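Below you'll find the structure, written out as C-alpha cells, and then a few comments.
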Amino acid sequence: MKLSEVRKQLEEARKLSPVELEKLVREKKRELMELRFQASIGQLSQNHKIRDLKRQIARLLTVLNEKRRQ
RNA sequence: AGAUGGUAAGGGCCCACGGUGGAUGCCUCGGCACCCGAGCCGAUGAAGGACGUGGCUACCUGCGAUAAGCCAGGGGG
Ligand SMILES: [Mg+2]
Ligand SMILES: [Mg+2]
Ligand SMILES: [Mg+2]
Ligand SMILES: [Mg+2]
Ligand SMILES: [Mg+2]
Ligand SMILES: [Mg+2]
Ligand SMILES: [Mg+2]
Ligand SMILES: [Mg+2]
Ligand SMILES: [Mg+2]
Ligand SMILES: [Mg+2]
Ligand SMILES: [Mg+2]
Ligand SMILES: [Mg+2]
C-alpha cells in the first residue's frame, strides 16, 4: 500500500466509530481469507496484497483500540 | 682347464613430480585483562521458555492471531 493511501486509511478510520471499525475489520478479515484461498491454488500473482491487508487490519484494530482506550 | 660379465620376482639409497595430510606464516568476525561508565527486573505477570508468525520458509533473527510487525514523536536523506 502507498504511504499516502496509508495516511488516507488512518484519517478515514479515525473518523469512524468503534462499531463501524469492527464492521470493517470483519470485512477485511473476510477479504484476506479469499486472498488466502486464492494464494493456495496458485491464483494470486499479486501476493503483496496479503501483507497489505494484514496491516490494514492491524491499523484498524490499532485505531479501534485508540478509540476505546479512554 | 681357467677366468669374468648381461638376469631383478622383488628390495635398498638418491633425484624429480604428484597424492594424502593440515604444520607454518600472514589474517581476524572472536576472546582476555584492566580502567571508566552504568546498575535492579517482577501480579500493569518478570527471568526464562513453548507453540506460532513470510505469497513460496529448514534454520537463525525479529515479532505475537494487529505476529520480520500497528500508532505517534524525534532522528536521518
Ligand atoms: Mg506502516
Ligand atoms: Mg651372472
Ligand atoms: Mg632392480
Ligand atoms: Mg616388476
Ligand atoms: Mg640394502
Ligand atoms: Mg605435494
Ligand atoms: Mg604479526
Ligand atoms: Mg543491569
Ligand atoms: Mg519473556
Ligand atoms: Mg521464531
Ligand atoms: Mg516513527
Ligand atoms: Mg518520521
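Each chain in the C-alpha cells gets a letter, A, B, ..., in the order shown, and its residues are numbered from 1; ligands are numbered from 1 in order too.
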| message | How would you report the residues lying within 10 Å of ligand 7, as a PyMOL selection string, if you count only C-alpha atoms (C1' of nucleotides) and all ligand atoms? | response | chain B and resi 25-27
Go ahead and write the selection's residues with C-alpha atoms (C1' of nucleotides) as a PDB file, in the first residue's frame.
```pdb
ATOM      1  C1'   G B  25      53.395 -17.569   8.116  1.00  0.00           C
ATOM      2  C1'   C B  26      50.098 -13.963   7.276  1.00  0.00           C
ATOM      3  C1'   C B  27      44.925 -12.738   8.588  1.00  0.00           C
TER       4        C B  27
END
```
Could you pull the residues within 12 Å of residue 31 (chain A), counting only C-alpha atoms (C1' of nucleotides), minus those fewer than 4 positions along the same chain, as a short mmCIF file (atom, residue, chain, number, x, y, z; two decimals) with N, CA, C and O atoms, in the first residue's frame?
```cif
data_model
loop_
_atom_site.label_atom_id
_atom_site.label_comp_id
_atom_site.auth_asym_id
_atom_site.auth_seq_id
_atom_site.Cartn_x
_atom_site.Cartn_y
_atom_site.Cartn_z
N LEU A 24 -15.80 -3.14 9.71
CA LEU A 24 -14.88 -3.03 8.61
C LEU A 24 -13.70 -4.04 8.73
O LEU A 24 -13.24 -4.60 7.74
N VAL A 25 -13.20 -4.26 9.93
CA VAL A 25 -12.20 -5.30 10.15
C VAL A 25 -12.76 -6.66 9.71
O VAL A 25 -12.08 -7.48 9.06
N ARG A 26 -14.01 -6.90 10.05
CA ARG A 26 -14.61 -8.19 9.75
C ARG A 26 -14.64 -8.38 8.27
O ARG A 26 -14.38 -9.48 7.77
N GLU A 27 -14.92 -7.30 7.57
CA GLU A 27 -14.98 -7.34 6.13
C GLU A 27 -13.59 -7.61 5.55
O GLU A 27 -13.44 -8.37 4.57
N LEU A 35 -8.15 -14.03 -0.32
CA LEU A 35 -6.78 -13.94 -0.77
C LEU A 35 -6.04 -15.22 -0.44
O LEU A 35 -5.27 -15.73 -1.26
N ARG A 36 -6.26 -15.74 0.76
CA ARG A 36 -5.56 -16.95 1.17
C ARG A 36 -5.90 -18.07 0.27
O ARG A 36 -5.02 -18.70 -0.30
N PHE A 37 -7.21 -18.33 0.18
CA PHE A 37 -7.75 -19.36 -0.69
C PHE A 37 -7.19 -19.21 -2.08
O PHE A 37 -6.73 -20.18 -2.67
N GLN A 38 -7.18 -18.00 -2.61
CA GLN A 38 -6.57 -17.82 -3.92
C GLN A 38 -5.10 -18.08 -3.94
O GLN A 38 -4.61 -18.69 -4.87
N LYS A 49 -0.62 -8.29 -1.85
CA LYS A 49 -1.92 -7.93 -1.32
C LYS A 49 -2.14 -8.51 0.06
O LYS A 49 -2.87 -7.96 0.88
N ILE A 50 -1.50 -9.63 0.34
CA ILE A 50 -1.73 -10.26 1.62
C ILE A 50 -1.06 -9.50 2.74
O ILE A 50 -1.66 -9.27 3.77
N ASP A 52 -0.35 -6.55 2.79
CA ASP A 52 -1.11 -5.28 2.81
C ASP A 52 -2.35 -5.29 3.67
O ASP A 52 -2.55 -4.39 4.50
N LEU A 53 -3.21 -6.26 3.39
CA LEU A 53 -4.49 -6.35 4.02
C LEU A 53 -4.24 -6.57 5.50
O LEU A 53 -4.85 -5.94 6.35
N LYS A 54 -3.31 -7.47 5.79
CA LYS A 54 -2.98 -7.79 7.15
C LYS A 54 -2.59 -6.57 7.92
O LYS A 54 -3.04 -6.37 9.04
N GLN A 56 -3.56 -3.58 7.13
CA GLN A 56 -4.69 -2.68 7.22
C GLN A 56 -5.47 -3.01 8.44
O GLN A 56 -5.82 -2.14 9.22
N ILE A 57 -5.73 -4.30 8.60
CA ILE A 57 -6.45 -4.80 9.72
C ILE A 57 -5.77 -4.38 11.01
O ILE A 57 -6.41 -3.90 11.95
#
```
| task | Name each residue within 9 Å of ligand 3, counting only C-alpha atoms (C1' of nucleotides) and all ligand atoms, as number ranges by chain. | result | B: 8, 10-11
| Please, which residues have at least one atom within 10 Å of an atom of ligand 10, using only C-alpha atoms (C1' of nucleotides) and all ligand atoms, listed as an NGL selection string? | :B and (51-53 or 59-63 or 68)
| Residue list for chain A near chain B as a ChimeraX atom specification, 7 Å, only C-alpha atoms (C1' of nucleotides) | /A:39,47,57-59,61-62
Write the residues of the selection above to a file with N, CA, C and O atoms, as a PDB file, in the first residue's frame.
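Output file part32.pdb follows:
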```pdb
ATOM      1  N   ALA A  39      -4.391 -17.644  -2.907  1.00  0.00           N
ATOM      2  CA  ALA A  39      -2.960 -17.861  -2.865  1.00  0.00           C
ATOM      3  C   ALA A  39      -2.673 -19.348  -2.878  1.00  0.00           C
ATOM      4  O   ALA A  39      -1.750 -19.772  -3.542  1.00  0.00           O
ATOM      5  N   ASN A  47       0.756 -11.029  -4.815  1.00  0.00           N
ATOM      6  CA  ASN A  47       0.821 -11.529  -3.451  1.00  0.00           C
ATOM      7  C   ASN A  47       1.143 -10.464  -2.427  1.00  0.00           C
ATOM      8  O   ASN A  47       0.936 -10.654  -1.228  1.00  0.00           O
ATOM      9  N   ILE A  57      -5.732  -4.297   8.596  1.00  0.00           N
ATOM     10  CA  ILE A  57      -6.452  -4.804   9.718  1.00  0.00           C
ATOM     11  C   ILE A  57      -5.769  -4.385  11.009  1.00  0.00           C
ATOM     12  O   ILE A  57      -6.407  -3.904  11.947  1.00  0.00           O
ATOM     13  N   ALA A  58      -4.452  -4.509  11.029  1.00  0.00           N
ATOM     14  CA  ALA A  58      -3.694  -4.086  12.171  1.00  0.00           C
ATOM     15  C   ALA A  58      -3.937  -2.617  12.466  1.00  0.00           C
ATOM     16  O   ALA A  58      -4.264  -2.249  13.610  1.00  0.00           O
ATOM     17  N   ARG A  59      -3.796  -1.777  11.439  1.00  0.00           N
ATOM     18  CA  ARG A  59      -4.019  -0.346  11.592  1.00  0.00           C
ATOM     19  C   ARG A  59      -5.404  -0.064  12.141  1.00  0.00           C
ATOM     20  O   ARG A  59      -5.592   0.778  12.989  1.00  0.00           O
ATOM     21  N   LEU A  61      -7.558  -2.185  13.819  1.00  0.00           N
ATOM     22  CA  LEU A  61      -7.733  -2.638  15.199  1.00  0.00           C
ATOM     23  C   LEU A  61      -6.943  -1.705  16.115  1.00  0.00           C
ATOM     24  O   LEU A  61      -7.429  -1.320  17.177  1.00  0.00           O
ATOM     25  N   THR A  62      -5.734  -1.326  15.689  1.00  0.00           N
ATOM     26  CA  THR A  62      -4.946  -0.324  16.411  1.00  0.00           C
ATOM     27  C   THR A  62      -5.753   0.911  16.743  1.00  0.00           C
ATOM     28  O   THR A  62      -5.765   1.355  17.900  1.00  0.00           O
TER      29      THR A  62
END
```
| Counting only C-alpha atoms (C1' of nucleotides) and all ligand atoms, which protein, DNA or RNA residues come within 8 Å of ligand 2, given as an MDAnalysis selection string? | chainID B and resid 5:7
Keeping only N, CA and C atoms (P, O5', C5', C4', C3', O3' and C1' of nucleotides), write the selected residues as a PDB file, in the first residue's frame.
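Generated file (again_20.pdb):
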```
ATOM      1  P     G B   5      83.018 -59.519 -12.953  1.00  0.00           P
ATOM      2  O5'   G B   5      82.638 -59.029 -14.439  1.00  0.00           O
ATOM      3  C5'   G B   5      81.525 -58.189 -14.689  1.00  0.00           C
ATOM      4  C4'   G B   5      80.933 -58.410 -16.055  1.00  0.00           C
ATOM      5  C3'   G B   5      79.430 -58.272 -16.122  1.00  0.00           C
ATOM      6  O3'   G B   5      78.994 -56.931 -16.112  1.00  0.00           O
ATOM      7  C1'   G B   5      80.084 -60.185 -17.352  1.00  0.00           C
ATOM      8  P     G B   6      77.546 -56.601 -15.497  1.00  0.00           P
ATOM      9  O5'   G B   6      76.565 -57.087 -16.678  1.00  0.00           O
ATOM     10  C5'   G B   6      75.909 -56.162 -17.542  1.00  0.00           C
ATOM     11  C4'   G B   6      74.839 -56.807 -18.405  1.00  0.00           C
ATOM     12  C3'   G B   6      73.556 -57.292 -17.724  1.00  0.00           C
ATOM     13  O3'   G B   6      72.603 -56.321 -17.353  1.00  0.00           O
ATOM     14  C1'   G B   6      74.332 -59.004 -19.081  1.00  0.00           C
ATOM     15  P     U B   7      71.736 -56.558 -16.010  1.00  0.00           P
ATOM     16  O5'   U B   7      70.610 -57.645 -16.435  1.00  0.00           O
ATOM     17  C5'   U B   7      70.895 -59.049 -16.494  1.00  0.00           C
ATOM     18  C4'   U B   7      69.668 -59.935 -16.560  1.00  0.00           C
ATOM     19  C3'   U B   7      68.528 -59.501 -15.626  1.00  0.00           C
ATOM     20  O3'   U B   7      67.514 -58.770 -16.328  1.00  0.00           O
ATOM     21  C1'   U B   7      69.275 -61.717 -15.039  1.00  0.00           C
TER      22        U B   7
END
```
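Based on only C-alpha atoms (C1' of nucleotides) and all ligand atoms, the protein and nucleic acid residues found within 8 Å of ligand 1 are, by chain and then by number, residues 3, 6 and 55 of chain A; 70 of chain B.
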Please produce an output containing N, CA and C atoms (P, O5', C5', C4', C3', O3' and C1' of nucleotides) for each residue in the selection, written as a PDB file, in the first residue's frame.
```
ATOM      1  N   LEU A   3       2.149   5.009   0.807  1.00  0.00           N
ATOM      2  CA  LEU A   3       2.225   5.811   2.008  1.00  0.00           C
ATOM      3  C   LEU A   3       1.033   6.752   2.125  1.00  0.00           C
ATOM      4  N   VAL A   6      -2.020   4.971   3.045  1.00  0.00           N
ATOM      5  CA  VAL A   6      -1.972   4.678   4.485  1.00  0.00           C
ATOM      6  C   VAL A   6      -2.460   5.849   5.351  1.00  0.00           C
ATOM      7  N   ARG A  55      -1.815  -5.709   7.326  1.00  0.00           N
ATOM      8  CA  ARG A  55      -1.512  -4.496   8.038  1.00  0.00           C
ATOM      9  C   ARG A  55      -2.643  -3.541   8.092  1.00  0.00           C
TER      10      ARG A  55
ATOM     11  P     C B  70       4.019  -2.156  10.385  1.00  0.00           P
ATOM     12  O5'   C B  70       2.904  -2.088  11.504  1.00  0.00           O
ATOM     13  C5'   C B  70       1.563  -2.413  11.165  1.00  0.00           C
ATOM     14  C4'   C B  70       0.576  -1.743  12.076  1.00  0.00           C
ATOM     15  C3'   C B  70       0.901  -0.311  12.401  1.00  0.00           C
ATOM     16  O3'   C B  70       0.459   0.567  11.382  1.00  0.00           O
ATOM     17  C1'   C B  70       0.420  -1.443  14.392  1.00  0.00           C
TER      18        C B  70
END
```
| request: Rank nothing, just name the residue among B:45, B:39, B:19, B:77 nearest to ligand 8, using only C-alpha atoms (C1' of nucleotides) and all ligand atoms. | output: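 Smallest separation from ligand 8 among the options: B:39.
In this structure, CA of residue 11 (chain A) sits 10.7 Å away from CA of residue 60 (chain A).
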| query | Can you tell me which residues sit at most 9 Å away from ligand 8, counting only C-alpha atoms (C1' of nucleotides) and all ligand atoms, written as a VMD selection string? | reply | chain B and resid 38 to 41
| query | Mind listing the residues within 12 Å of ligand 6, only C-alpha atoms (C1' of nucleotides) and all ligand atoms counted, as a list in words? | reply |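 For ligand 6, the residues inside 12 Å are residues 17, 18, 19, 20 and 21 of chain B.
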Write a file of the selected residues as a PDB file, in the first residue's frame, keeping C-alpha atoms (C1' of nucleotides).
```pdb
ATOM      1  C1'   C B  17      56.766 -34.921  -9.891  1.00  0.00           C
ATOM      2  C1'   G B  18      52.412 -35.995  -7.518  1.00  0.00           C
ATOM      3  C1'   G B  19      48.697 -37.839  -3.891  1.00  0.00           C
ATOM      4  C1'   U B  20      47.353 -37.759   1.113  1.00  0.00           C
ATOM      5  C1'   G B  21      47.604 -34.666   5.389  1.00  0.00           C
TER       6        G B  21
END
```
| request: Choose the residue, out of B:67, B:58, B:9, B:14, that has the smallest atom-to-atom separation from residue 51 (chain A); count only C-alpha atoms (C1' of nucleotides). | output: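 Answer, going by the shortest atom-to-atom distance: B:67.
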| request: May I have the residues within 10 Å of ligand 11, computed using only C-alpha atoms (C1' of nucleotides) and all ligand atoms, as a PyMOL selection string? | output: chain B and resi 71-75
| Of the residues A:14, A:23, A:30, A:48, which is the one nearest to residue 66 (chain A), using only C-alpha atoms? | A:14
